[PDB]
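Asks: Have a look at this one.
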Protein chains: 4
Amino acid sequence: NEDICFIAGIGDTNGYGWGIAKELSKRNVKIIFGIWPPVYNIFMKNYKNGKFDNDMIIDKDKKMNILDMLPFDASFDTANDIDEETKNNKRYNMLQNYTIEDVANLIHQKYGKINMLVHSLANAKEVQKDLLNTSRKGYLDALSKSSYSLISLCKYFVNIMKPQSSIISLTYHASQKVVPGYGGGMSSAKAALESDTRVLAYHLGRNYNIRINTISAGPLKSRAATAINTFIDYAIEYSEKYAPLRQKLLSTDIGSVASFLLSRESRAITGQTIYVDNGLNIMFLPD
Amino acid sequence: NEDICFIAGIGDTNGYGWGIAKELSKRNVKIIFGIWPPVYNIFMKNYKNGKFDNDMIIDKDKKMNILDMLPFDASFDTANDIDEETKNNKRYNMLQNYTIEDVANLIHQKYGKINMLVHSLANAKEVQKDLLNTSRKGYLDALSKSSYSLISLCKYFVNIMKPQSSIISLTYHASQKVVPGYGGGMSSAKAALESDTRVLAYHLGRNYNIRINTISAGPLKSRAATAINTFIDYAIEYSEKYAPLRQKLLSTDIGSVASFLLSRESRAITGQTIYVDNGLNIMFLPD
Amino acid sequence: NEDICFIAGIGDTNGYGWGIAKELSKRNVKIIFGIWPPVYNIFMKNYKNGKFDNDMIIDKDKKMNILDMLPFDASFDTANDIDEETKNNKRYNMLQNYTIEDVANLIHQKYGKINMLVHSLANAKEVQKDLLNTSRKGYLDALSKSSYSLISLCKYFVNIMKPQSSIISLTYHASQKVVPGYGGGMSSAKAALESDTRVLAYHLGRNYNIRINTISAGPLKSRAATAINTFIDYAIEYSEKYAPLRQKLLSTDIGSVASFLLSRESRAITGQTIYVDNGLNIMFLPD
Amino acid sequence: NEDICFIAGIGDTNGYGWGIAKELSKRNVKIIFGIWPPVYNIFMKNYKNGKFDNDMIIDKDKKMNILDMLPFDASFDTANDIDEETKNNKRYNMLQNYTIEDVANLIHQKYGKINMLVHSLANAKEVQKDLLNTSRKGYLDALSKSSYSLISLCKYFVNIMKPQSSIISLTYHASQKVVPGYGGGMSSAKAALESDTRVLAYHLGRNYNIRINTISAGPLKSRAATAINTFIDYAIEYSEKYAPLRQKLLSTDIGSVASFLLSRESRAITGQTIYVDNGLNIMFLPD
Ligand SMILES: NC(=O)c1ccc[n+]([C@@H]2O[C@H](COP(=O)([O-])OP(=O)(O)OC[C@H]3O[C@@H](n4cnc5c(N)ncnc54)[C@H](O)[C@@H]3O)[C@@H](O)[C@H]2O)c1
Ligand SMILES: NC(=O)c1ccc[n+]([C@@H]2O[C@H](COP(=O)([O-])OP(=O)(O)OC[C@H]3O[C@@H](n4cnc5c(N)ncnc54)[C@H](O)[C@@H]3O)[C@@H](O)[C@H]2O)c1
Ligand SMILES: NC(=O)c1ccc[n+]([C@@H]2O[C@H](COP(=O)([O-])OP(=O)(O)OC[C@H]3O[C@@H](n4cnc5c(N)ncnc54)[C@H](O)[C@@H]3O)[C@@H](O)[C@H]2O)c1
Ligand SMILES: NC(=O)c1ccc[n+]([C@@H]2O[C@H](COP(=O)([O-])OP(=O)(O)OC[C@H]3O[C@@H](n4cnc5c(N)ncnc54)[C@H](O)[C@@H]3O)[C@@H](O)[C@H]2O)c1
Ligand SMILES: Oc1cc(Cl)ccc1Oc1ccc(Cl)cc1Cl
Ligand SMILES: Oc1cc(Cl)ccc1Oc1ccc(Cl)cc1Cl
Ligand SMILES: Oc1cc(Cl)ccc1Oc1ccc(Cl)cc1Cl
Ligand SMILES: Oc1cc(Cl)ccc1Oc1ccc(Cl)cc1Cl
């Protein structure tokens, strides 16, 4: 009782963020969605029009427990970072308090302190280009939004979290082994994310008694996965054929693991990269 | 509601085997203990005398549900491997059906098929010697009882397990990084165990849809630990002083993680080495 | 014969860049220094005043073979990236062709194609702050100069390198394990550098038959090492006391390894992170 | 000028042992071969008949300098370990002083102290069986001859080695990632070998200032390789098709790296697993 989780990085019901929300709901955790402004209105519309009613179904008729839905952009740390153009952009103009600091303050004011935080986002302008051809701007854009965002989320949210709270993010094996197609510096961003998870585990553990881990998920055909041009269909096919466990990897498979890591049951685990990919990562040569 | 777990390697209530049994009990899992013959009667004596009553208490009105307790020696695969020096041994003479295959048949004959298996045993005759001074006989003894026993357990128990069953063992970071007092080939045995966990994950996964993982636990002042050369006293002191999470590591901390890995909740995790050590493994230079 | 190496990241004779240059000279490799503009003039002055004559001594009277010394700033990819302020800054005003593209073109025009490239630089404005307190700007600054610079160096220099050429950079273990004190996102930058080394190994290997590896060096009291405030004295003391090899780590120790990796003798090694740290990285618990 | 290397594990000129001998010869290192008794006479026969003359050619007017060739069985530590089944064996009856301790004393008695040691042997009676179906006897046989033999070699040879000496062994990536046809416990043996290399690095480093590393080599169609179950044909085909460097891996490619690790040039490297496989180990999803 009293478990509140903020999930940053939800634009629909086809990604891991939604799978994580469903499993947490089964444990009676209250959910707060952090939605990227560019897709905020479209998300709300569909929600209002009851387009997600089926996907919100859990257990036996059990409906998901969505406490709130807030506009959120991990590119901005404070209101002072918002550039004039973005502030005046059509999709941002009518929204407020969407920077990392503002959302933390908003959540604290409305619901008090929370104990669960999920970083389920990533972005790279040049993801379609191989690392060698990625520009400096594209590279830094990937690191800024996909990696630094985690650090910033921690810096502002630790002030509104209870001791013994837990934090998780999502990564991918391309950080440790070569996956052609995963460009734009996304591999670089994930490698940084995994390393930052260890350093943050040290600081957050000693000073706040807070835990942080990352889940290296297998392939899922999410909206963003298609942006890589297809790459995702190949990855899924390869996984279902060569993984030690030949079964379809579901968003809820990652969700149940996320639920465990966020609960007090994983009290002694921190700074780890946990693989939830049907064991594919352990293979060397296929069959 | 129908889950049965065989825990191989319990001689008292101060080790990880007991902690795992306690946590699985909270989930209403029926427990069967595999006890090393040399200490079987003494264990039985204490149990009867109520020396473990307090250690069996769980939650409010809940007691640990121990289905059965059987003599079990991981040194012998089948009845044919029992030598006269053992058969004629005082402690073994009074016991029967304690080889790996016999225990599997006995359990199956009495309770049917099971779906959870825990390997929580290690043994090395020359653990007090550094690797360089360990004899061939001592080295092989460690690998035989601490590593091969996992493979043999799987070979014989898969026949009495249900599909989608799960298996776990315990390892230690000395397999990956140097820990001076961890001798006799125990470091070697743990390295083989972690690698074997991957290979078995592939075979058991493809052929039976069965999962297998290993938990790399932090220091716990248990019975066997005290045999290493005080060493455990150092390890614990160091862990509690430098680990990112400054809290005492409890056998049940490993238990709750084991319980999760043995349930369907971790359906997509296999062949992994999961660290449950308060994050100590991530540190390099002590602060 | 005909071996030319460009070493990017030399501001004096106290770092690894100089140690790498000395060892390469022993193999009769022609050296070209890439010097950061802010310290370019001071470097030349000392050189001219013969302040480095002693340090240039190799073998028996054998003097180093410095082919050229060029101003170089890894922050700029092309002349178009140079901001008006920097272009007009006192130390840059009188220098030309110091961007990555210009230096590559300059080298090609003056000496033709080369076959050896060394990335021996790093920088982070907020290195004195722990990761949690590093600003977005500081973080991206670290990644831009310490990691992306490697990718850019490769993109422009592969056009002026012969097939079978070799490239190396320098990293540090803080990317894999926690080292308190290594802040400003330097740990993040090194993790990215190591991951990018693997991805680049794939692209450069398949398309140009060029190799790339990185050396994870132990502590050396270089000029930059002092910028971390001391941290470096502690690291050196810890290393000389706990490493399996209790000896002083010299810049030339890294130099000789760099020489091997850059030569044709390491033909089958690529995408690797090679540790040259007296074996400290393999230790878990000290003595 | 005074370097002597003992290479344990040579039965012909198609393996890595020969490639290592060739490269060390270019450096004028005196070579002593340790030959498995069962094939000692045949080897000697071919040598006398000049069947290896072409394989011994190096550079222009340079021939491989083989100091001596001795029968050597890594299964026996001392004369006391020789059983009647072996002593009475036809192939062993005619030979003497072939245990590890005897060879060390014999070499020392004839040529004095040495400074280079190479462990290039592996053996597993049930290599054709997958791990799950490998017997205890077969599993232990693999660990005894392929892993413990390294420890015993160090224990007995340090007495006849000079300070600052170097040692290397060969391993394979199947210890870290799953390779289906690599059975009989060879994967287990390699995992132990790599871990043991770290522990030994600590002991030999602190006590004798002696270094030890292991080379993880790529596929090479050798004599023993052909015993795995064609498998080697697959491995080679896969390596040459997907590795970042599309070139044939030669025994001398491993030889040049071995030569470097055995020289003073690598003075600061110890306890490491160095990959010499054209970078194949860094790949995840084949392109
Ligand atoms: N889908 C997969 O196959 C897969 C594999 C490994 C890891 N994960 C990781 O899981 C996370 C989500 O992946 P997914 O596939 O479910 O994607 P989605 O399902 O695309 O989720 C990503 C979310 O990020 C949001 N987002 C983008 N930029 C943002 C910004 N600046 N501020 C705030 N939100 C922003 C998007 O609007 C979107 O809802 C990422 O970290 C991804 O790398 C996914
Ligand atoms: N104690 C720790 O700090 C620690 C750290 C890492 C991993 N674990 C691992 O957990 C397992 C148990 O450790 P523990 O500390 O709880 O020890 P215990 O508490 O000593 O548990 C080991 C059990 O093995 C049994 N055993 C020994 N030889 C046997 C044989 N031939 N057949 C059957 N059973 C046999 C013993 O009787 C004992 O009950 C081991 O694998 C150990 O390496 C423990
Ligand atoms: N010294 C150590 O203990 C140590 C340990 C591990 C790795 N290495 C790595 O070796 C490299 C050099 O380290 P070092 O200690 O010898 O340092 P130095 O000896 O400080 O070398 C770094 C060089 O980078 C140059 N530089 C900084 N910003 C630049 C820019 N924008 N463009 C071009 N040049 C720039 C400096 O002027 C300097 O000459 C770095 O990558 C460092 O992280 C060093
Ligand atoms: N062949 C490859 O592709 C490959 C890949 C990775 C690592 N390496 C490793 O290199 C080493 C040699 O491999 P290789 O392919 O050159 O094989 P060979 O070319 O088969 O070399 C192995 C040698 O071990 C000797 N041997 C076997 N049992 C022995 C015993 N009891 N005592 C003494 N010598 C004994 C054999 O007679 C033989 O000369 C092994 O450790 C192997 O695992 C080889
Ligand atoms: O990390 C991922 C891994 C896979 Cl296999 C599929 C999708 C992934 O997620 C992303 C990839 C690129 C961008 Cl730009 C944004 C996101 Cl969310
Ligand atoms: O693996 C372990 C790690 C630690 Cl820190 C403490 C105890 C451990 O467990 C053992 C060590 C040696 C032997 Cl002979 C038997 C066991 Cl059960
Ligand atoms: O990587 C390093 C590791 C160590 Cl132990 C010492 C110095 C290092 O190098 C740097 C650290 C911070 C900045 Cl800003 C620049 C450089 Cl060159
Ligand atoms: O380790 C190896 C790896 C590969 Cl790919 C090919 C051959 C190898 O070497 C062996 C394998 C099994 C046995 Cl019984 C003996 C040896 Cl020498």
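Letters A, B, ... mark the chains of the structure tokens in the order given; residue numbers begin at 1 per chain; ligand numbers begin at 1, in order shown.
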Please return as number ranges by chain the residues found within 6 Å of ligand 3, counting only C-alpha atoms and all ligand atoms.
Replies: C: 9-11, 14-17, 36, 72-75, 120-123, 145, 170-172, 216-225
Asks: Taking a cut-off of 8 Å and counting only C-alpha atoms, can you build a table that, for each residue of chain B near chain C, reports the nearest atom pair and how far apart they are in Å (one decimal), sorted by chain then residue number, as CSV?
Replies:
residue,atom,partner,partner_atom,distance
B:174,CA,C:284,CA,7.7
B:176,CA,C:282,CA,7.8
B:177,CA,C:282,CA,5.2
B:178,CA,C:283,CA,4.8
B:179,CA,C:285,CA,6.0
B:180,CA,C:285,CA,7.9
B:281,CA,C:284,CA,7.9
B:282,CA,C:177,CA,5.2
B:283,CA,C:178,CA,4.7
B:284,CA,C:177,CA,5.2
B:285,CA,C:179,CA,5.6
B:286,CA,C:179,CA,8.0
B:287,CA,C:180,CA,6.8
Asks: In stretch 29-274 of chain C, what's alpha helix (DSSP H) per DSSP? Answer as a ChimeraX atom specification?
Replies: /C:37-48,84-88,100-111,136-143,149-157,186-208,223-226,231-242,251-262
Asks: Please produce an output containing C-alpha atoms for each residue in the selection, written as a compact mmCIF listing (two decimals), in the first residue's frame.
Replies:
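What ended up in again34.txt:
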# COMPACT_ATOMS: atom_id res chain seq x y z
CA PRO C 37 46.21 24.86 -29.44
CA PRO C 38 45.92 26.17 -25.85
CA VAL C 39 49.29 24.56 -25.05
CA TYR C 40 50.76 24.53 -28.57
CA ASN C 41 53.03 27.58 -28.21
CA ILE C 42 54.27 26.62 -24.75
CA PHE C 43 55.08 23.15 -26.08
CA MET C 44 57.04 24.52 -29.05
CA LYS C 45 58.93 27.01 -26.89
CA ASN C 46 60.14 24.31 -24.49
CA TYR C 47 61.00 22.10 -27.45
CA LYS C 48 62.96 24.87 -29.15
CA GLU C 84 33.61 32.81 -34.18
CA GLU C 85 34.85 33.23 -30.60
CA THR C 86 37.35 30.36 -30.71
CA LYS C 87 38.51 31.46 -34.16
CA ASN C 88 39.25 34.89 -32.69
CA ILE C 100 40.13 17.04 -37.72
CA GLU C 101 39.43 17.26 -41.45
CA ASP C 102 42.11 19.91 -42.06
CA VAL C 103 44.81 17.95 -40.23
CA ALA C 104 44.00 14.79 -42.19
CA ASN C 105 44.18 16.73 -45.47
CA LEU C 106 47.37 18.49 -44.36
CA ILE C 107 49.08 15.22 -43.44
CA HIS C 108 48.05 13.56 -46.69
CA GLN C 109 49.32 16.48 -48.78
CA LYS C 110 52.66 16.72 -46.97
CA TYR C 111 53.54 13.07 -46.33
CA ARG C 136 23.89 18.05 -19.15
CA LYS C 137 26.39 20.42 -20.75
CA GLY C 138 29.32 19.00 -18.78
CA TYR C 139 28.29 15.44 -19.62
CA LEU C 140 27.97 16.07 -23.36
CA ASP C 141 31.24 18.00 -23.28
CA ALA C 142 32.98 14.90 -21.90
CA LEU C 143 31.41 12.60 -24.53
CA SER C 149 36.50 12.53 -31.23
CA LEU C 150 37.63 8.93 -31.84
CA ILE C 151 34.79 8.30 -34.29
CA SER C 152 35.50 11.55 -36.15
CA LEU C 153 39.24 10.85 -36.29
CA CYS C 154 38.42 7.51 -37.93
CA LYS C 155 35.94 8.94 -40.44
CA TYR C 156 38.43 11.46 -41.84
CA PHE C 157 41.67 9.50 -41.46
CA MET C 186 34.48 10.57 -17.86
CA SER C 187 33.39 7.08 -16.81
CA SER C 188 30.47 7.42 -19.23
CA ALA C 189 32.79 8.61 -21.99
CA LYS C 190 35.18 5.68 -21.48
CA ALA C 191 32.31 3.15 -21.52
CA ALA C 192 31.16 4.65 -24.82
CA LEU C 193 34.73 4.65 -26.15
CA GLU C 194 35.12 0.92 -25.42
CA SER C 195 31.76 0.07 -26.99
CA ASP C 196 32.43 2.31 -30.00
CA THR C 197 35.76 0.55 -30.45
CA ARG C 198 33.90 -2.72 -31.09
CA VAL C 199 31.39 -1.20 -33.53
CA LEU C 200 34.14 0.65 -35.39
CA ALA C 201 36.16 -2.58 -35.51
CA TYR C 202 33.28 -4.08 -37.48
CA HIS C 203 32.91 -1.22 -39.99
CA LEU C 204 36.64 -0.54 -40.41
CA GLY C 205 37.47 -4.23 -40.60
CA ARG C 206 34.94 -5.16 -43.27
CA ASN C 207 35.17 -2.05 -45.45
CA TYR C 208 38.84 -1.07 -45.11
CA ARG C 223 49.37 16.58 -16.23
CA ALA C 224 45.68 15.81 -16.77
CA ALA C 225 45.63 13.24 -13.96
CA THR C 226 46.22 16.10 -11.51
CA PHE C 231 42.97 11.11 -6.57
CA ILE C 232 45.94 10.11 -8.74
CA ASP C 233 48.36 9.67 -5.82
CA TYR C 234 45.85 7.37 -4.15
CA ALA C 235 45.30 5.34 -7.33
CA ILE C 236 49.04 4.92 -7.85
CA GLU C 237 49.59 3.93 -4.22
CA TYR C 238 46.73 1.44 -4.34
CA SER C 239 48.05 -0.07 -7.57
CA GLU C 240 51.66 -0.51 -6.42
CA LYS C 241 50.42 -2.14 -3.23
CA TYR C 242 47.66 -4.47 -4.47
CA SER C 251 54.41 5.33 -19.66
CA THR C 252 56.71 3.22 -21.83
CA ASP C 253 55.05 0.06 -20.49
CA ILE C 254 51.91 1.21 -22.28
CA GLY C 255 54.08 2.40 -25.15
CA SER C 256 55.53 -1.03 -25.89
CA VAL C 257 52.06 -2.60 -25.88
CA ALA C 258 50.79 0.16 -28.17
CA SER C 259 53.71 -0.53 -30.49
CA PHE C 260 52.73 -4.20 -30.71
CA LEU C 261 49.05 -3.46 -31.43
CA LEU C 262 49.96 -0.93 -34.13
Asks: Please extract the residues of stretch 46-147 of chain A with a backbone DSSP assignment of strand (DSSP E) and present them as a PDB file with N, CA, C and O atoms, in the first residue's frame.
Replies:
ATOM      1  N   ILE A  66      -4.367   3.780 -13.481  1.00  0.00           N
ATOM      2  CA  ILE A  66      -3.651   4.964 -13.939  1.00  0.00           C
ATOM      3  C   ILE A  66      -3.977   6.172 -13.071  1.00  0.00           C
ATOM      4  O   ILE A  66      -5.054   6.749 -13.174  1.00  0.00           O
ATOM      5  N   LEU A  67      -3.031   6.559 -12.225  1.00  0.00           N
ATOM      6  CA  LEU A  67      -3.211   7.686 -11.322  1.00  0.00           C
ATOM      7  C   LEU A  67      -3.194   9.042 -12.016  1.00  0.00           C
ATOM      8  O   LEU A  67      -3.925   9.954 -11.625  1.00  0.00           O
ATOM      9  N   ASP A  68      -2.361   9.186 -13.040  1.00  0.00           N
ATOM     10  CA  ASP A  68      -2.269  10.456 -13.753  1.00  0.00           C
ATOM     11  C   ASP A  68      -1.448  10.291 -15.030  1.00  0.00           C
ATOM     12  O   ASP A  68      -0.723   9.309 -15.192  1.00  0.00           O
ATOM     13  N   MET A  69      -1.570  11.260 -15.930  1.00  0.00           N
ATOM     14  CA  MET A  69      -0.854  11.256 -17.201  1.00  0.00           C
ATOM     15  C   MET A  69      -0.336  12.671 -17.414  1.00  0.00           C
ATOM     16  O   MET A  69      -1.114  13.613 -17.552  1.00  0.00           O
ATOM     17  N   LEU A  70       0.985  12.814 -17.432  1.00  0.00           N
ATOM     18  CA  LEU A  70       1.608  14.124 -17.556  1.00  0.00           C
ATOM     19  C   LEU A  70       2.526  14.305 -18.755  1.00  0.00           C
ATOM     20  O   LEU A  70       3.200  13.372 -19.185  1.00  0.00           O
ATOM     21  N   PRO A  71       2.552  15.520 -19.322  1.00  0.00           N
ATOM     22  CA  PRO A  71       3.423  15.779 -20.467  1.00  0.00           C
ATOM     23  C   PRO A  71       4.837  15.780 -19.886  1.00  0.00           C
ATOM     24  O   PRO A  71       5.066  16.341 -18.814  1.00  0.00           O
ATOM     25  N   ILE A 114       7.246   9.336  -3.906  1.00  0.00           N
ATOM     26  CA  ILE A 114       7.022   8.057  -4.569  1.00  0.00           C
ATOM     27  C   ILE A 114       8.149   7.091  -4.215  1.00  0.00           C
ATOM     28  O   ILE A 114       9.113   7.476  -3.554  1.00  0.00           O
ATOM     29  N   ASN A 115       8.034   5.840  -4.651  1.00  0.00           N
ATOM     30  CA  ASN A 115       9.061   4.854  -4.333  1.00  0.00           C
ATOM     31  C   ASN A 115       9.499   4.003  -5.526  1.00  0.00           C
ATOM     32  O   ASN A 115      10.353   3.133  -5.393  1.00  0.00           O
ATOM     33  N   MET A 116       8.924   4.264  -6.694  1.00  0.00           N
ATOM     34  CA  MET A 116       9.272   3.511  -7.893  1.00  0.00           C
ATOM     35  C   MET A 116       9.410   4.432  -9.094  1.00  0.00           C
ATOM     36  O   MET A 116       8.553   5.285  -9.333  1.00  0.00           O
ATOM     37  N   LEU A 117      10.492   4.254  -9.847  1.00  0.00           N
ATOM     38  CA  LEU A 117      10.760   5.086 -11.014  1.00  0.00           C
ATOM     39  C   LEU A 117      11.254   4.264 -12.199  1.00  0.00           C
ATOM     40  O   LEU A 117      12.203   3.488 -12.081  1.00  0.00           O
ATOM     41  N   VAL A 118      10.618   4.452 -13.348  1.00  0.00           N
ATOM     42  CA  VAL A 118      11.002   3.724 -14.547  1.00  0.00           C
ATOM     43  C   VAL A 118      11.414   4.641 -15.701  1.00  0.00           C
ATOM     44  O   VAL A 118      10.669   5.536 -16.103  1.00  0.00           O
ATOM     45  N   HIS A 119      12.614   4.403 -16.219  1.00  0.00           N
ATOM     46  CA  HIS A 119      13.138   5.147 -17.356  1.00  0.00           C
ATOM     47  C   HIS A 119      12.942   4.179 -18.526  1.00  0.00           C
ATOM     48  O   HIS A 119      13.634   3.164 -18.628  1.00  0.00           O
TER      49      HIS A 119
END
Asks: Just want the 10 Å neighbourhood of residue B:3, counted on only C-alpha atoms, with same-chain residues fewer than 4 positions away dropped. Output as a short mmCIF file (atom, residue, chain, number, x, y, z; two decimals) with N, CA, C and O atoms, in the first residue's frame.
Replies:
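Heads up, here's the output in result.cif:
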data_model
loop_
_atom_site.label_atom_id
_atom_site.label_comp_id
_atom_site.auth_asym_id
_atom_site.auth_seq_id
_atom_site.Cartn_x
_atom_site.Cartn_y
_atom_site.Cartn_z
N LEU B 24 10.53 -19.71 -0.21
CA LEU B 24 9.66 -20.51 -1.06
C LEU B 24 8.40 -20.90 -0.28
O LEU B 24 7.32 -21.03 -0.85
N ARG B 27 5.45 -18.78 -0.41
CA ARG B 27 4.69 -18.96 -1.64
C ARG B 27 3.94 -20.29 -1.66
O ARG B 27 3.41 -20.69 -2.69
N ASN B 28 3.91 -20.96 -0.51
CA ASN B 28 3.24 -22.25 -0.39
C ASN B 28 3.85 -23.36 -1.24
O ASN B 28 3.13 -24.22 -1.75
N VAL B 29 5.17 -23.34 -1.40
CA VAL B 29 5.86 -24.36 -2.17
C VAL B 29 6.23 -25.51 -1.22
O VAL B 29 6.75 -25.28 -0.14
N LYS B 30 5.94 -26.74 -1.62
CA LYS B 30 6.27 -27.89 -0.78
C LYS B 30 7.77 -28.12 -0.89
O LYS B 30 8.33 -28.14 -1.99
N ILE B 31 8.43 -28.29 0.25
CA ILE B 31 9.87 -28.46 0.27
C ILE B 31 10.38 -29.84 0.66
O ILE B 31 9.90 -30.46 1.61
N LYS B 113 5.95 -35.85 -9.96
CA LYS B 113 6.87 -34.91 -10.58
C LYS B 113 6.97 -33.58 -9.85
O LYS B 113 6.01 -33.14 -9.22
N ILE B 114 8.14 -32.96 -9.92
CA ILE B 114 8.37 -31.69 -9.26
C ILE B 114 8.66 -30.64 -10.32
O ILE B 114 8.81 -30.97 -11.50
N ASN B 115 8.73 -29.38 -9.92
CA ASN B 115 8.97 -28.32 -10.89
C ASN B 115 10.00 -27.29 -10.44
O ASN B 115 10.17 -26.27 -11.10
N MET B 116 10.69 -27.56 -9.34
CA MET B 116 11.70 -26.64 -8.82
C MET B 116 12.87 -27.42 -8.24
O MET B 116 12.68 -28.35 -7.46
N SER B 165 9.86 -26.09 -15.91
CA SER B 165 10.39 -26.15 -14.55
C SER B 165 11.60 -25.23 -14.48
O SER B 165 12.11 -24.78 -15.52
N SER B 263 10.03 -19.14 -10.09
CA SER B 263 8.63 -18.97 -10.47
C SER B 263 8.49 -18.66 -11.96
O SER B 263 9.48 -18.43 -12.65
#
Asks: One decimal, in Å: what's the spacing between atom CA of residue C:266 and atom CA of residue D:56?
Replies: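 Those two atoms sit 22.1 Å apart.
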Asks: Report, in Å to a single decimal, how far apart atom 14 (Cl, counted along the ligand's line) of ligand 7 and atom CA of residue C:175 are.
Replies: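 Calculated distance between atom CA of residue C:175 and atom 14 (Cl, counted along the ligand's line) of ligand 7 is 14.5 Å.
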Asks: Given the choices B:126, B:77, B:53, B:61, which gets closest to ligand 6 if the distance is worked out from only C-alpha atoms and all ligand atoms?
Replies: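 Distance minimum relative to ligand 6 lands on B:126.
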Asks: Would you mind reading off the distance between atom CA of residue B:52 and atom CA of residue B:8, one decimal, in Å?
Replies: 18.4 Å
